[PDB]
Each structure stands twice: as C-alpha cells, then as structure tokens.
Amino acid sequence: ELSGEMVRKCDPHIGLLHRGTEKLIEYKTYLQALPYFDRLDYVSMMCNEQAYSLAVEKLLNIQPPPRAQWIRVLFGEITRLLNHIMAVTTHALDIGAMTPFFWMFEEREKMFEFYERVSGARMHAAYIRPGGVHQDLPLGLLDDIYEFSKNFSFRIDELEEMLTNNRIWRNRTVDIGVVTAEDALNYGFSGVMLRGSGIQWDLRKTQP
Amino acid sequence: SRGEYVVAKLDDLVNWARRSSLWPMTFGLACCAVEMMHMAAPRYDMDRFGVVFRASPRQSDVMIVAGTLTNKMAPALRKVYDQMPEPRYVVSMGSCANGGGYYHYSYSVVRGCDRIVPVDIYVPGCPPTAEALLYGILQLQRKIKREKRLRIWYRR
Amino acid sequence: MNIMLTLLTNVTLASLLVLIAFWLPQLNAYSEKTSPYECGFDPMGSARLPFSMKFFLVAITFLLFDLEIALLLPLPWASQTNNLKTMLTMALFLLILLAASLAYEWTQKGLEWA
Amino acid sequence: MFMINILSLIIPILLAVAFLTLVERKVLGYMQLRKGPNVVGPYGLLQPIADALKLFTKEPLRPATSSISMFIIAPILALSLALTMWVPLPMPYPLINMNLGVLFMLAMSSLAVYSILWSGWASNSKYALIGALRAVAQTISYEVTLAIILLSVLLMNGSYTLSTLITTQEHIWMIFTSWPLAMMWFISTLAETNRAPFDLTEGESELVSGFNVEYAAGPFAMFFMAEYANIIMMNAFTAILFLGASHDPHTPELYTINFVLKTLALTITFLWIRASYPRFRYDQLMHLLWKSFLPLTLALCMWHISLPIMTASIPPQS
Amino acid sequence: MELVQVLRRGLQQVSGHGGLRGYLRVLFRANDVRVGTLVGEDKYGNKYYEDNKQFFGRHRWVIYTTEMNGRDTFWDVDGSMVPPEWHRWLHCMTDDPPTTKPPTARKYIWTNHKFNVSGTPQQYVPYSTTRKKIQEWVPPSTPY
Amino acid sequence: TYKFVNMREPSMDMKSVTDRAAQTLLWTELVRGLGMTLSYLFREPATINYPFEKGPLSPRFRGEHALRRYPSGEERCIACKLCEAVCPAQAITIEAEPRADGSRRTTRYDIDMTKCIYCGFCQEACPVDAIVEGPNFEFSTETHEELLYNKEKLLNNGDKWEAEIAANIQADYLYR
Amino acid sequence: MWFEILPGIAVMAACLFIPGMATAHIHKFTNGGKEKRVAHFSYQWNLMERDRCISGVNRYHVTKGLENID
Amino acid sequence: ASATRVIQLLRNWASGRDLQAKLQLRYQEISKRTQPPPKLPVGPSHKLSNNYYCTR
Ligand code: SF4
Ligand code: SF4
Ligand code: SF4
C-alpha cells in the first residue's frame, strides 16, 4: 500500500514456491531426503546438506571422520563465498549497479567447477551426507582451489571499489532498513541481520 | 514459382530476425534460475547470441520456466504468458518445470508447465547446466529457422 | 516554412512507422493478452485513482522559478547596453532574489518531501 | 533539394541510433568481462537490423484500459521531436539556422517530456503511472538548472545562435572557461535523457519497465529510437557548446569529423556511466539538483554575468 | 611497436585459415578467426584444434563439419554433433586426445554417432516394453 | 574474534577537509569507479565460443542416464531394483521376468527424465555398474514424451556413449 | 577483444558524418558553389533581395561584379 | 594474457593495481585434467582383530 511512492504497508505473500518439501521428506529415507536440502537454498546448497548431515549424525550417535569434517568446512566456506557473491551482486543489480554481477559470477562459475569436480553437479551436489562426504577430493582439486583463492581477494577489492565508497550507493543504503538490536532479536533475525545491528553472535564461534 | 521464391525469402528474413533477437522475460521461479543467470554471466554470455533479458512481458519474446511451478504461481505464469505478444515461445528448464521433478507427487506442485502453458523446448536436468540451457535456446532458434508461416500462407 | 516542412516530414515518418507496426504484424488479440499488467496477478484498484504527490510544493516553486528562467534569458542581449552598471545591478538583484527564495523555501523545510 | 537534406539528416541518424544499440551492448559487455553481440553478423553488425525487424514483425497490443489516442500519439511525438531537435545543430552548417536555436532546443526537449507522461497515463497501468510521475519529478529537478547553465555559458557566445558557438570557441574550448558549468551540464543532460544513474522513468529494477511497460513491438521500438537519438543529440550539443572544433570554411569535412568523434566519445561516456554507477532515488535526484546544483549555478551565473563586464570581454551581439 | 606485431598476427590469421575466403568462412560459421594446432578430425568431418596459449576454456575448440548424417550443417551446428570419443577431450574431462589414446573397441558400441534427433522423423517415441498382462477368453467359433 | 566494519572517524584537519571537499565537488570516487570499468573494458573477455568451445567438465559429471553392457555384449542389469528403491524421485520403473536363457533381466526399465533430479544415485547404488549417468548434457527435446526414456532408449544411449563412459568410470572408479 | 567494439563505432561514425557533409554540399550546390548566406538580421536579407534583383536570373548567389558597371 | 604493454599499462593505471599479477582468466597454472590414479586410505575399523562391532 503506497501513498505516493512511500510504502504505508508492506504485506509479503509467500507460498508461490511451496513444494511440500517437509511432507515429502516423511515418505523418503534419510539418504533420499538429503537432495531436498540442496534445493531449499539454491545458492548455499552444501551448507544445508551439512546441517541435515549434522542433525542425522547427532541422532545416529555417529561421528564424521576428521578429513570429512575438514572437507565439509572448506566447501561450506566456498558455499558462503558463492552465497555472498550472489547476495551482494544481485542487491547491487536491483539497485542498479549491474557490473559486479558479471564480474563476480565468473568466479561463481569457477567455484561451481570445484563443485562439479567433487560431485559431478555444478550445484545441488549430494556431497555432504550423514556420516561424512560421499567421495574423496579428486587429485589436484586443492591446488586449483589455492589458485582461485590467491586471486579472489583482488576481485572482492574491485567490487568494493565499485560500490563501497560510491556516493550513490551509500545514499541508497546508508540509513535504510535500520533495525534495533532488541527488535532484531525478538523478530527472530539471524546472521548478518543480527550482527549488522551490533549483536555479537556467530554460531561458528559461539557453537562450533 | 517466383511468388514462392519471394515468400520463402521473406520468411527467411522474418525467421532470421526473430531467432537472432530472442528476448527472454525475467522470469525465474526456482534454483534453475541461477543457472540461467550463469548463462547470462560472461562465460556463456547469451547477449552474444542476441538473447537479452527484458522484464516487461509485452517487450519479451520467450518465457523460460526455470523452477518448480506451484499451484499458487500457475495463474500468474499463465497471465504473464498471455500478456506476452506473439510470436511467443516457451522453454521449460529443469525437471521441476518439465514434469514436476523432485516434487512431482506434492499437493502444491503442477506436474509440468505443459499443463498450464504450451512448451516448445524442454531442457532436461536438475538443475540444467548453463551450457544445456544455451543448447536449448539455440535449438529453439533452429526451430524458428524451420518455420514456414509465409510459405503456408501462399500455399493456403 | 522550412521548419514546417521538417516537422511534417518527421511526423509523417513516425506515423508511417506506427501504421507499419500496427498492420504488418499478425494479431491474435484476446482479453487476457490485453489486460493490464500487475506482475502476473490482477490489479486491485484502478490506475486512475489519485496518486499523492509528495513534492507538490517543489512543483509550484518550479513554476515560480521557470518564471525567473524566462526573466533571465534576455541577459545576453542586455550586456550590450551602455548602462552596464544598472543592467548588472538589476541582473544581480534578480539572481539574489531567486537565491533568497530558494534559501527561504529550503530553511522552511519546503524542499523536503511529504 | 531541401527535402533531400531533411532525409539525409533523418535516415542516417536512425541508423546511427540502431548501431549505437550494438555499441552499447558490446561496450557494456566488455566492461563486464563479456563480449557484446557477435553471432549476428560480422562482429555483431547486423544485430540492430534483426532487432528492428523482430520488433516491427511482433504483434502490437493495445491495452484494454488504455486511452488509444494518447497511447498512439505519444511514440509519434517522441520520435518526431527527437528527429526535430537534430535540425538546428551546426554540423558545421545547420539545416535550419535560427537566431534562437538554443531556446528552440530547450522548448523541444520540454515538449518531449509529455510523450513519457502521456504514454504512462494512457497505458492506465499503475507502474506506467509511477513512471510518468517520476518523469514529472525529473523535469522539475533538472529544467531550471539546465536553463541557467546554458544561459551562463551562452553569455560568452553573445547569442543563442548555435552556429556562433564555433566562432566563440575558435581559439579555445569553452570547457576551460566554464568547466564546473560543464560538469553540471553533463549531469543535467544525463538527467534529461533519463540515463543511468538517473534512469528512473523506466527503472527496470524498481518498475518492471516504467512508462513503456504496456508498449510492445513498433511503439516500443519508436520509444527506444527516440531515447538513443536524444542521447546522441544531447552529446552533440555538449560537443558544440564546450568542446568546440576547428572549422575551415573551404573544407567542412574536417569540422564534421572532429564533431562526430567528440560526440561519439561523449556517448561512450554515457554508456560508461551506465555501466559504472548505480541508480539514484528520484527524491535524491531532485535533492541533488535543487540543493546542490541550483545554488552553484546561481552563483556561477552571477559570476558569468559580471566577468565580461569586469574584464571588458562582452561578446559581439552579431 | 607491439601494435604492428598485432596487425601482422591478424594477417597471419588471414593466411592460416587458407586465405581471405577461408578466413571469412570461419568468421561467419564460428565467429572466431583464431588459428590453432589441428589435433585431429573425426570420421564425420569435425576438426578439433588446440591453442594452449589461450586461457582455459578457449584452448580447445571444434570446427563442426558442413555435412553429417545427411544433414547440411554449414550454418546449423549443434553440440551433439561431437562424437563421444572427442567429447571428453573437448569438455576437458581428459587431457589426452582420442588419436593419442584411442577408446576401447567394443562390438556393441555404435559406429556412427547421431546428433539430437528431436523434431525429426528419427525422434524417440516412448512406448511400453512389456507384454499384455491379462489374457482374455477367445469365444468358440462354433455356433454351439 | 570480532571486527568493526565502519566505526571510523574522519580527521578534521584542514588538509583532510579539503580532500573530502574536493571529493564531493570534483567527484573523485566516481572517477575511480569509472577507471575500474575502463580497466575491465581493456581486459580479455571470458566468454567461450559455444557451441564450438565447451566448458570444462570432470569424469564425475552426472548427465544423461545410460544402461551399460559387459564386454561380451550381455546387459549388466540383473534386475536388482535396488537402484529403483534408492531413486529419490521415484523416476525409475523396473519390471523383470526370467529370460529365455534363464537369466534375471529387465523386461521394463524406464527412467522419466522429467521426474529425475540427476542426484547421481543408482550409479552408486546399482551393484553391477549397469546404470550410469553419462557425459551428455545436450539432450534437450521438443516434446515432453521424448524425455520419458525406455529400456531401448537407455541401451541405445549406453551403446552410443560407452567409449566415453568407460573412460570416465576408469578415471573415477578408484575414488568410489 | 576490445577492438571488436570498434567496427560498430565506425559504422555509427559514418552514419553521423553523412548529415553534416550532406548539408554542406547541398548548400554548396544550391547556392552556386558558395556557402548559403546567413541572414540573422533584416539587413542581410535586404542585401540578399538586392542581389536577387541585380542578378537578373532571380538567384541571389549569382554575383555581378565590376563588369556590370558602365 | 596476450595484452600489449600499452594496454597493460593503461588497465593497471585505471585499476590502481597490477592486473597482470592476478588475472581472472585461467592459464597453464590450472591442474592437469588427467591425473595419476589415487590410492585412498582405509579407515580406523579396517582391522582383522579386536574390531567387534559391539565396541564401535
Ligand atoms: S529442477 Fe532442480 S535445480 Fe531446478 S528448481 Fe527444481 S530442484 Fe532446483
Ligand atoms: S544396477 Fe541398474 S540395471 Fe542393474 S539391477 Fe540395478 S537398476 Fe537394474
Ligand atoms: S540419477 Fe536419475 S535415475 Fe538415478 S536416482 Fe537420480 S533421478 Fe533417479
């Protein structure tokens, strides 16, 4: 409900992409349900797979092998890089930047290639499963990941150059969407939504 | 016949214009949209082929149904397809769009976008790789190249 | 007459283009295709209902400043007078009055919206 | 033979607009680590023609709620006005030499705005109405500062005749004299042409397509052609006003080449800005122009009024 | 200057493709005028080239044949035209070309690769592969 | 453990004030962004010339399903139906009967390429390596029915792609 | 690479160049090999009309010099 | 890359960084597609004695 272009009331209508995932999981075995979690958040598939695997392992009272755990943490951080690339670049594109999107999506393609080499699926791999990881890293993947990581910082710096200090970008975002820390906590916000307000909470540190 | 030759050449020109300039509408439902963006990304840039994403349905020529089509979203998809001017072509991307895929037996999923809107090219995969989507788009371009509207007009 | 001929030629080209666009293509117009566009779902109300203008004051002030734009355009020929002192004084008087008006509206929270 | 001249101005300009679309697509792609259109024709040369053919062979839809008369009139007005504004420009010799060509261009630019407002209102769609209101706000923001900057710069010319700008800048570019006014003028031209970072009327990210959301096929092609032609024409106006060129009366081709190159550079700058910067909020655009550009323009207008007097440099009226 | 060297390289590209006619042919067919080492050519006619200097993803490319399986492919080319043996080399699954490392020879393996046949009379049509489950009674042919 | 983004205070010395004033009036940062875009203009584009150039893929790629054979020519499938059981989307329909030789073979093997999620299961699950997701990804069709594969279609795909499938399995069989 | 952009720019540049050259040469052809006279004030138009009268062919560009005298 | 020295200088100056050192496009630095066969290690439970499943 807009008076002019001012939003008097914003009412989100959802369910346009409700596929009954939770109902379907009940009809599937634990392994069969694993691919569902990849689809829940298309941008961050492996992290959802890891969350499901952790839940199933805790119920199973079984411990993943250490190399499996380190592979999970590594690919989770790669998934975080993908997710944040998508979020920041699509946010800029919606506010009109439209170049960092392509710039960073090239790197997203490279990280997809890492996904494909490990699993054979560029996205939605079933790599992380309860009890560990399906297959060991193909030989040569780690050095390629090193090659990518050594250069990724320059790309992030160029994106900052495009957006961080721009007058227009700062105007579009500097004081929009302010959320109080207490309001953020009560409303159930998590992650950067809480940390942006100044609350110091990251489950990776508080609850590794 | 000279008339047949003129009709064939004009049909060639029209089909070339339509296939060379294919403007998909900015319609992405689900994970398959991400592979579509990667197709728009530099590696497989679709702008080289003349495929430019245009938001307005009336300024678009192709609808790519990327992602699962829920029963809630189906009327909006049909509305967007109808509001799209013709000639209009529909490409169904991903198993979810093609036949329902992982959520085929869900209450809230349409078991294929063919039920709601006519589909020209089906791109298999879940998610289909960006190269697969580009292959499907080029296949649609060849399908347009094979069209014989003016020849049929002359023969009718 | 040259300007009239040029205007006619341009308008005729545009009208011919519109005619060719509305007659060369094939059409299958049906109700759902010609319905209004509301991002897929149907519109709630009309698009002819009132649309509040949060910058009305700025628009009226724009009219009043376009008047000053009109008053200042003769300045290039004014600089050709022999009484350049009076001309300069009056031109700076008008520009300072425009500046004063802008400053007043600004300080009185008139250039802000809503 | 004047009709031949009118066609010579019109037809080549439209082809220039068509190839400008290709140039923009390729320049943005290369600035984005991509290759612009290359498949259709050698190095993508035939892409424009394919786009024009596709649009004009596509069904045009008349919205059920639309006011047909204005809906059709608006694209005609936009294209005709876009073509008309090219007439007074000296390249080097103008097609129509007017004593007050600059005011003519200002009035014609004012008239073109109604095409956007009429299109948006006739569409009878909420997004189109929002785009039309944004266009109204944009004109409110930019018109006064544009006029004041043009007056300040033309005070040195001594007239509103476009042709006399060449003589005034015979020895030096006027950008050296008035580089701040030049900066504000370039931004104001960006605003007038509704180009990024001020692409508010269309505003695809925020408004699905803005005023043209309900336009398809030929009318949309006409709106696009008007937009690009206005971009080129405004950049040419900037080149004439500030980046003057040498004119040898016996050989006009040299001036024409220099002018065309400068205008191409300015249009490329337009595409460059569209690629680089994000989009402004229309409240922010109006605030920028009224609170920042307008006071500096008033001060510089006072300065440019005084300077010819205090430096005994009043330009000749004739 | 390096600019003169670049122009000379462009002329070398013109010569390497067989002259102006070959240069234009390649430019129109594939939109790329690079000249690269010819690793091999399949039976269908597709020629495969390698330029390791070019960055990954462009080091290997294939020039599709003008005629395959009775279809004119001078303008209409498709990815499926690539035979399986060269598919892994082209897609970088392997670093060894089929010529250097031939695939294992099996009788059942097809000898002629078919491209995507959708939209053609050879298109696959689904059908049930199982026989009728329930058999009905056949009425006697005598009146009684 | 925690880092402060923002939380920096600008200097108030005349030089810093003049620098920030120049940035505001002279648009320095926008010019820096423009320079970045120009540098990208002069960098080599990343577009690959598809179809002539194809993107990298690994031997573990999951594409079109295929039914393999033994070197003899006998079909590897032994109608275990465990690969049907593990299918997350129930995209595989299998029926079997003792064949004339007496062997356990599949009378019906159907994979609906429209219900499949290309998970890669039943390649791990199938005990005899019979069913394999091959390298092919460009199997788009103009009709929905073309994507409902049959045992004949799957066996034809296996025969078509066996040369590549065997090499990829050889490459990745030790990792499995 | 970036040079591939240049051909479209060249086509656009030629299209833009056509108008000014066409205008100049058309003016030359219509006005007898000389630039079209600029009449921004009534005096110059009066001069043009007087030249039209003097020429005898009702064309102002036709210039009669000392030869016509005496 | 294959850029001429002039273009390299122009791009580096425009960026403010040495682009040549870190290039987004991938060259011979990437790992070879064909790799030596692996020998994956076995896990803790691969023992012939004292490995009764009740313990683990
Ligand atoms: S087909 Fe697969 S990738 Fe595409 S939307 Fe459905 S689950 Fe996501
Ligand atoms: S491996 Fe494949 S063919 Fe063999 S029994 Fe299992 S599903 Fe059937
Ligand atoms: S790879 Fe295909 S056949 Fe195998 S389980 Fe997944 S969807 Fe079913």
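Residues numbered from 1 in each chain as written, not as in the entry; some residues may be left out. Chains lettered and ligands numbered in written order. Part of a larger assembly, values for the part shown. Heavy atoms only, no water.

As summarised from the PDB record, the model derives from cryo-EM at a stated resolution of 2.9 Å.

Glancing now at the overall build of chain E. When helices and strands are counted, chain E shows three helices and five strands. For chain E, the sequential pattern of α-helices and β-strands runs α-α-β-β-β-β-β-α. A compact globule built from 144 residues should have a C-alpha radius of gyration of about 15 Å, whereas chain E, at 25 Å, is more than 25% larger. Once the C-alpha set of chain E is aligned to its principal axes, its extents read approximately 105 × 30 × 20 Å. Classification of the 144 residues of chain E by burial places 42% in the buried group. Looking at chain E alone, contacts between residues at least 24 apart form 45% of all its contacts between residues at least 6 apart. (Helix = DSSP H or I, 4+ residues; strand = E, 2+ residues; numbered from the N terminus. Rg over C-alpha atoms; globule rule 2.2 N^0.38 Å. Buried < 20%, exposed > 50% of the residue type's maximum accessible area, 1.4 Å probe, protein only. Contact = heavy atoms within 4.5 Å.)

This next bit is on the interface of chain C and chain D. Listed as interface residues are 66 residues of chain C and, on the opposing side, 71 residues of chain D. At the boundary of chain C with chain D, total buried surface from both sides reaches about 6,200 Å², with 79% on carbon and sulfur atoms. When the buried surface of chain C facing chain D is broken down by residue, C:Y37, C:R48 and C:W113 rank first, second and third, together holding 11% of it. Run the count over chain C and chain D and you get two salt bridges. Elements represented by at least two residues in the side of chain C that touches chain D include exactly helix 1 (2–23), helix 2 (31–34), helix 3 (56–72), helix 4 (75–78) and helix 5 (84–107) of chain C. Among the elements that make up the side of chain C that touches chain D, the one with the highest residue count is helix 1 of chain C (16 residues). Residue classes in the side of chain C that touches chain D are distributed as 47 nonpolar, 14 polar and five charged. (Buried area = accessible area lost by both parts, 1.4 Å probe. Salt bridge = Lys/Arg side-chain N within 4 Å of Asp/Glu carboxyl O. Nonpolar A, V, L, I, M, F, W, Y, C, P; charged D, E, K, R; others polar.)

Before going further, it helps to spend a moment on the site of ligand 1. Around ligand 1 sit A:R39, A:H124, B:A30, B:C31, B:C32, B:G67, B:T68, B:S95, B:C96, B:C126 and B:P127, and those are all the residues in its vicinity. For the shell around ligand 1, the class distribution of residues is six nonpolar, four polar and one charged. (Near = heavy atom within 4 Å.)

Looking now at the site of ligand 3. Around ligand 3, 13 residues are found, and the nearest of them are F:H65, F:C87, F:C116, F:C119 and F:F121. For the shell around ligand 3, the residue count by class is 10 nonpolar, two polar and one charged.

Quick look at the interface of chain D and chain F now. Between chain D and chain F, the contact holds 15 residues from the first and 16 residues from the second. Around 1,400 Å² of area is buried between chain D and chain F when both sides are counted, 77% of it from carbon and sulfur atoms. The largest contributions to the chain D side of the interface with chain F come from D:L33, D:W272 and D:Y277, which together make up 42% of the buried area. Across the contact surface, chain D and chain F share zero salt bridges.

Counting residues in each nonpolar core, the largest one holds 161 residues, and the members touching the most others are C:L75, D:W86, D:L89, D:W185, D:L241, D:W290 and G:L16. Residue contacts for D:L89: discarding those within four places in its chain leaves D:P94, D:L95, D:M105, D:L162, D:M233, D:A236 and D:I240. Of all hydrophobic cores here, the second largest spans 63 residues; its members include A:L34, B:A30, B:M73 and B:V110. (Core = buried A, V, L, I, M, F, W, Y, C linked by side-chain atoms within 4.5 Å.)

What follows is about the environment of A:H18. Checked against the element boundaries, A:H18 lands in the segment before helix 1 (21–26). Along the primary structure A:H18 and A:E113 are separated by 95 residues, whereas in three dimensions their C-alpha atoms are 29 Å apart. Residues in contact with A:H18, not counting those within four places in the same chain, are B:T70, B:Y107 and B:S108.

The term disulfide refers to a covalent linkage connecting the sulfur atoms of a pair of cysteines. All names here are of chain F. Counting across every chain of the model gives one disulfide over all chains. In this model, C83 is linked to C126 through a disulfide, with the two sulfur atoms separated by 2.0 Å. The S-S bond linking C83 to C126 shows a torsion near 115 degrees; that makes this disulfide right-handed. Remark: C126 occurs in the loop between strand 3 (104–111) and strand 4 (131–133) and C83 occurs in helix 3 (residues 82–86); sequence separation between them is 43 residues. For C83, a relative accessible area of 2% corresponds to the buried category. On the basis of relative accessibility, which here comes to 4%, the residue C126 falls in the buried class. (Disulfide = S-S within 2.5 Å.)

Our next topic: helix 1 (residues 5–15) of chain H. Here helix 1 of chain H has its buried residues at H:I7, H:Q8, H:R11, H:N12, H:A14 and H:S15. Buried residues of helix 1 of chain H fall within an arc of 165 degrees about the axis and therefore sit on the same side. Turned more than 90 degrees away from the buried face of helix 1 of chain H, the exposed residues are H:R5, H:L9 and H:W13. Taken together, the buried residues of helix 1 of chain H touch helix 6 (141–163) of chain A together with helix 2 (28–42) of chain F. In the stretch just after helix 1 of chain H, H:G16 is the one whose phi turns positive, near 85 degrees. (Arc of directions from axis to C-beta.)

This paragraph deals with unusual backbone geometry. Backbone geometry follows two general trends: most residues other than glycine have a negative phi, and most peptide bonds adopt the trans configuration. Between D:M91 and D:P92 the backbone carries a cis peptide bond, its omega angle lying at -15 degrees. Tracing the sequence through the fold places D:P92 in the loop between helix 3 (68–85) and helix 4 (101–123). A positive phi angle, close to 75 degrees, is found at C:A114, a residue other than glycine. Mapped onto the secondary structure, C:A114 falls in the segment after helix 5.

This brings us to the packing of helix 2 of chain F against helix 1 of chain H. Here helix 2 of chain F crosses helix 1 of chain H at 155 degrees, and the two axes come no closer than 7 Å. With respect to helix 1 of chain H, the axis of helix 2 of chain F lies roughly antiparallel. Considering only the axes of helix 2 of chain F and helix 1 of chain H, their crossing is left-handed. For the pair helix 2 of chain F and helix 1 of chain H, the contacting residues are F:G35, F:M36, F:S39 and F:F42 in the first and H:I7, H:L10, H:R11, H:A14 and H:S15 in the second. Of the residues belonging to the contact of helix 2 of chain F with helix 1 of chain H, the class tally is five nonpolar, three polar and one charged. (Axes fitted to C-alpha atoms, helices over the stretch in contact; angles between N-to-C directions. Parallel < 35°, antiparallel > 145°, perpendicular 65-115°, else oblique. Left-handed = near helix turned anticlockwise from the far one by under 90°.)

All names here are of chain B. The three strands lie next to each other as 1-2-3, forming an open sheet whose pairing is parallel. Across the chains shown, the open sheet's two edge strands, defined by having one partner strand only, are strand 1 (62–66) and strand 3 (121–123). Direction aside, the axes of adjacent strands within the sheet are offset by 20 degrees on average. Strands strand 1, strand 2 (89–93) and strand 3 of the sheet are contacted by helix 5 (residues 130–145), whose axis makes an angle of about 165 degrees with strand 3. (Pairing = 2+ DSSP bridges.)

What follows deals with the side chain of D:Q32. Tracing the backbone through its elements, the reader meets D:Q32 in the loop between helix 1 (2–31) and helix 2 (47–56). The exposure class assigned to D:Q32 is buried, which follows from its relative accessible area of 1%. Of the polar contacts made by the side chain of D:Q32, one reaches the backbone oxygen of A:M98; its length is 3.3 Å. Beyond its immediate sequence surroundings of up to four residues, D:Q32 is in contact with A:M98, A:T99, A:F102, A:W103 and B:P42. (Polar contact = N/O pair within 3.5 Å; in protein donor to acceptor, adjacent residues only side chain to side chain.)

Scanning the entire structure with this criterion turns up 72 salt bridges over all chains. Salt-bridge contacts for A:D202 lead to A:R204; the nearest nitrogen and oxygen are separated by 3.0 Å. Its salt-bridge partner being E:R58, residue F:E53 comes within 2.9 Å of it at the nearest N-O pair. Of the two residues, F:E53 is situated in the loop between helix 2 and strand 1 (65–67) and E:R58 in the loop between strand 2 (47–50) and strand 3 (60–63); the pairing between them involves two chains. The burial state of F:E53 is the same as that of E:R58; both residues are buried. Sharing partners across several salt bridges, the network here consists of A:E106, A:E109, A:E113, A:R122, B:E35, B:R43 and H:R26.

Position of A:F154 among the secondary structure elements: in helix 6. Residue contacts for A:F154: discarding those within four places in its chain leaves H:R17, H:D18 and H:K22.

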